[PDB]
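> show me the folded form of this:
(4 chains, ligands or ions: 1)
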Amino acid sequence: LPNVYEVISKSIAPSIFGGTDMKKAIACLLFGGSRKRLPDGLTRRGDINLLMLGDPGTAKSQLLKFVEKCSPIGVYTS
Amino acid sequence: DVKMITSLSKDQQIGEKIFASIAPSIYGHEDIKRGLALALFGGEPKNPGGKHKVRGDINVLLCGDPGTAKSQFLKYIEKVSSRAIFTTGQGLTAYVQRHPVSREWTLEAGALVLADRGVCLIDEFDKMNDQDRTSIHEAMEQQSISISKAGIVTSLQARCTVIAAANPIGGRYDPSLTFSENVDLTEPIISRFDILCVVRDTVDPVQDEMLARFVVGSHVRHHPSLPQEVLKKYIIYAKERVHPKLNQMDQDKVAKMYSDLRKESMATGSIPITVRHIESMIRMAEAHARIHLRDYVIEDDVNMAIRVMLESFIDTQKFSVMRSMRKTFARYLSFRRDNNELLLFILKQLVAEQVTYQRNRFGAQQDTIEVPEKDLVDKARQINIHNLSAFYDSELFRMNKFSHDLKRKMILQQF
Amino acid sequence: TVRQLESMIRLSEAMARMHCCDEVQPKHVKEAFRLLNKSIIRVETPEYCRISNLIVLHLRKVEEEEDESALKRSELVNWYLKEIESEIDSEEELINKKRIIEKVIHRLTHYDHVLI
DNA sequence: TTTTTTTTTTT
Ligand SMILES: Nc1ncnc2c1ncn2[C@@H]1O[C@H](COP(=O)(O)OP(=O)(O)O)[C@@H](O)[C@H]1O
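Numbers count the residues shown, from 1 in each chain, chains lettered A, B, ... in the order given. I have put the structure below:
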């Protein structure tokens, strides 16, 4: 469907609202790139990393819990 | 058996009459008496229909300088409660043990599974070990333990309310820093507690006699030359025959406070009331359904719930913020309190500070402190009561060893 | 603290046992207090005079600002010369006091107590 | 397959 991008990034953080970029990016980490093996066996990454800097205002713990819950495999650690 | 309890609960004023039934000896602390009474009966462990598993246990965490009857508050709750256990922090989970008789290597119960429905009294919370710390937090927000030990892989149940008391670092709690500094505890652990009472101390002349006389007298009648009957049967009864309900008239009475206070706290160096405080407030909502048999949420005990949930937050604050937030809210929330205690709050300080003056120049621990009147109504103008004679008649300040003179204006303080 | 009190009745009882009596009298408690009084000593420092005038001012500076606006920095300094210089008289001691007051008031800065 | 005491390598 034409607007396939935003339909997901809209329904991945119902409670917390504001600045969908911090929700735009999280949409990709759930899919990830692809693992390549060059002729040299020198494989490449297939995952991404994200940092959400800022004061601890508990607005982010919700997001952590969500991304952990809606993941094929996932663990939230202190 | 209930026919008395009917009218005794219908007194409409069972709160005061029950508060001074726990802590039978220890004088003062009608503040923390309130919180611990809230904890004892508990609240309501409702099951949210969205599969979120909110808990119905009130956990308390005392703290304060040594010598303030914390341990006695633990030991008396050992007695009054039922199915209670006890431990120090200097055995928390089930462990493999070679049986004395059978001589088989069985599994024995720890100290958080023996309170699977009652209370768990932790002492010397600070002295816990890293394994003990990583094991205590799991049971707070999950209330269920797994044991993949040498014995066998099991997953048991643990539904207990935790009552513990930590210590201040440096041998004294000093309220320049936040409470999260003098406690010496991992930060995501303090969040797992509902109430945060801070015990403190001060050299106060009029209370020296009050505490001395009490101890001395308790040493006069112990040597070889609501009573304890109503409230035990009452924690047995009121535990059972109530199931508090939840309407939706209070659902908007609170947000008007949150929207303000969140800004008020975030403005300065602090984190405002967050959802894990709203949960505690809504848990203590029903904490009075057990005392009144009320069981219906009303805009009355919401004045109490919000009051308590801020009581346990203004204290754990900074030096000038613990008073700036007071000047805002303690006057904002319209504390459903005595009009008289707010009178004492003034002249108590006005005589204590005057003694502090008359010590740093003379040094003599004088006998009769003398303070003229005019100062008091100056500050009473801020709360707008200006009532002294109806307080002069009230015997709620003679015990505090004060006086007044119509022609001399002196608030003469004896001791 | 409190635990010193529960430890004064004990010493009086142990004093009464000694004289084979069956009750405590003032004669016993007075001595059981003198002993517990000599027990605790006073900490020392190479300075008590320089702390009297640390809190004789911040009792003249907290109540004076929470109601009115503030105080003059060139007048609160003299208030000390305007309360305690009113009795002792030596015409030299004025500036000898002013110099130490200026030094200590520059000192109050690094404790972060009396700032301007 | 448990305490308690004593020596030495290791995080
Ligand atoms: N207000 C008080 N009323 C009665 N007893 C008190 C009071 N304050 C202190 N005590 C005494 O202090 C003891 C409690 O000390 P505790 O709080 O256990 O010290 P710590 O906290 O260092 O373990 C009690 O046995 C009690 O006799």
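> for the rest of this, base every contact and every neighbour count on C-alpha atoms.
Will do.
> for DNA strand D, what is the nearest residue in chain C?
Shortest chain C-to-DNA strand D distance, computed as CA to the nearest atom of the strand: residue-wise this is residue C:3, at 31.7 Å.
> I'd guess that residue is in a helix, am I close?
No. With DSSP: H, G, I helix; E, B strand; the rest coil as the criterion, residue C:3 is assigned coil and is not in a helix.
> against residue C:53, how distant is residue B:360?
8 Å (CA to CA, to the nearest Å).
> ignore what I typed, I meant residue B:39.
Taking CA to CA as the measure, residue B:39 falls 48 Å from residue C:53.
> who's more crowded, the two?
residue B:39 (23 against 17; other CA atoms under 10 Å in any protein chain shown).
> pretty sure that one is touching residue B:285, no?
No. Contact status for residue B:39 versus residue B:285: not in contact, 11.5 Å apart, counting by CA atoms under 8 Å.
> what residues does residue C:115 make contact with?
If a contact means CA atoms under 8 Å, 6 or more residues apart in numbering or on different chains, then residue C:115 has C:108, C:109 as its contacts.
> do the same with residue C:109
So, once contact is read as CA under 8 Å, 6+ apart, residue C:109 ends up touching residue C:115.
> who's in contact with residue 46?
I went with chain A, as the question did not name one. By CA under 8 Å, 6+ apart, the residues touching residue A:46 are A:32, A:33, A:34, A:35.
> to clarify, I was referring to chain B.
By CA under 8 Å, 6+ apart, the contact set of residue B:46 is B:54, B:55, B:56.
> sec struct for it, please.
Secondary structure for residue B:46, judged by three-state DSSP, is coil.
> measure it to residue B:243 for me?
Distance check for residue B:46 against residue B:243: by CA to CA, it reads 10 Å.
> pull the contacting residues for residue 22.
With no chain named, the answer covers chain A. Counted by CA under 8 Å, 6+ apart, residue A:22 has zero contacts.
> wrong one, I was asking about chain C
By CA under 8 Å, 6+ apart, the contact list for residue C:22 reads residue C:16.
> what about it, which SS state?
Reduced to three states by three-state DSSP, residue C:22 is coil.
> and it, how far from residue C:12?
When CA to CA is applied, the distance between residue C:22 and residue C:12 equals 12 Å.
> in what helix or strand does the spatially most central residue of chain A lie?
Nearest residue to the geometric centre of chain A (CA atoms, centre = their mean): residue A:26, 2.5 Å. Counting by DSSP states H and E, the element that carries residue A:26 is helix A:21-29.
> so for the helix or strand that that helix is followed by, what gets flagged as buried?
The helix or strand immediately downstream of helix A:21-29 is helix A:59-69, counting by DSSP H and E. Residues of helix A:59-69 classed as buried by neighbour count (16 or more other CA atoms under 10 Å in any protein chain shown): A:63, A:66, A:67.
> using PDB, write out every CA atom in the one helix or strand residue B:237 maps to.
When secondary structure is defined using DSSP H and E, the element that contains residue B:237 is helix B:230-240. Extracted C-alpha coordinates of helix B:230-240, given in PDB (Å, rounded to 0.1, in the frame of the first residue of the first chain):
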ATOM      1  CA  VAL B 230     -10.700  -4.900  69.500                       C
ATOM      2  CA  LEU B 231      -8.100  -4.300  66.900                       C
ATOM      3  CA  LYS B 232      -6.800  -7.900  66.500                       C
ATOM      4  CA  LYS B 233     -10.300  -9.300  66.000                       C
ATOM      5  CA  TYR B 234     -10.800  -6.200  63.900                       C
ATOM      6  CA  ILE B 235      -7.900  -6.900  61.500                       C
ATOM      7  CA  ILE B 236      -9.300 -10.400  61.300                       C
ATOM      8  CA  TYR B 237     -12.800  -9.200  60.500                       C
ATOM      9  CA  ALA B 238     -12.200  -6.100  58.400                       C
ATOM     10  CA  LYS B 239      -9.700  -8.100  56.300                       C
ATOM     11  CA  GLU B 240     -12.500 -10.400  55.100                       C
END
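> which residues are in contact with that helix?
Taking CA under 8 Å, 6+ apart as the criterion, the residues outside helix B:230-240 that touch it are B:41, B:80, B:81, B:290, B:291, B:293.
> show the contacting residues for the last one.
Looking back up the chat, that one is residue B:293. For residue B:293, the residues meeting the contact criterion (CA under 8 Å, 6+ apart) are B:9, B:238, B:242.
> cool, and the second one?
The contact partners of residue B:80, taken as CA under 8 Å, 6+ apart, are residue B:232.
> residue B:346: which of the contacts of helix B:230-240 is nearest?
Closest approach between the contacts of helix B:230-240 and residue B:346, by CA to CA: residue B:291, at 33.2 Å.
> does the closest one touch residue B:16 like I think?
No. The pair residue B:291 and residue B:16 does not pass the contact test of CA under 8 Å, sitting 11.1 Å apart.
> higher neighbour count, those two?
A side-by-side neighbour count of residue B:291 and residue B:16, using other CA under 10 Å, places residue B:291 first with 21 against 10.
> assumed the more buried one was part of a helix.
Yes. Residue B:291 forms part of a helix when assessed by three-state DSSP.
> contacting residues around it?
By CA under 8 Å, 6+ apart, the contact list for residue B:291 reads B:9, B:14, B:15, B:41, B:238.
> and the helix or strand containing residue B:5, what's buried?
With the criterion set as DSSP H and E, the secondary-structure element containing residue B:5 is helix B:2-9. Of the residues in helix B:2-9, those buried under the neighbour-count criterion (16+ other CA under 10 Å) are residue B:9.
> again, but for stretch B:56-68
The neighbour-count criterion (16+ other CA under 10 Å) identifies B:56, B:57, B:58, B:59, B:60, B:61, B:62, B:63, B:64, B:65, B:66, B:68 as the buried residues of stretch B:56-68.
> nice, that's everything, thank you.
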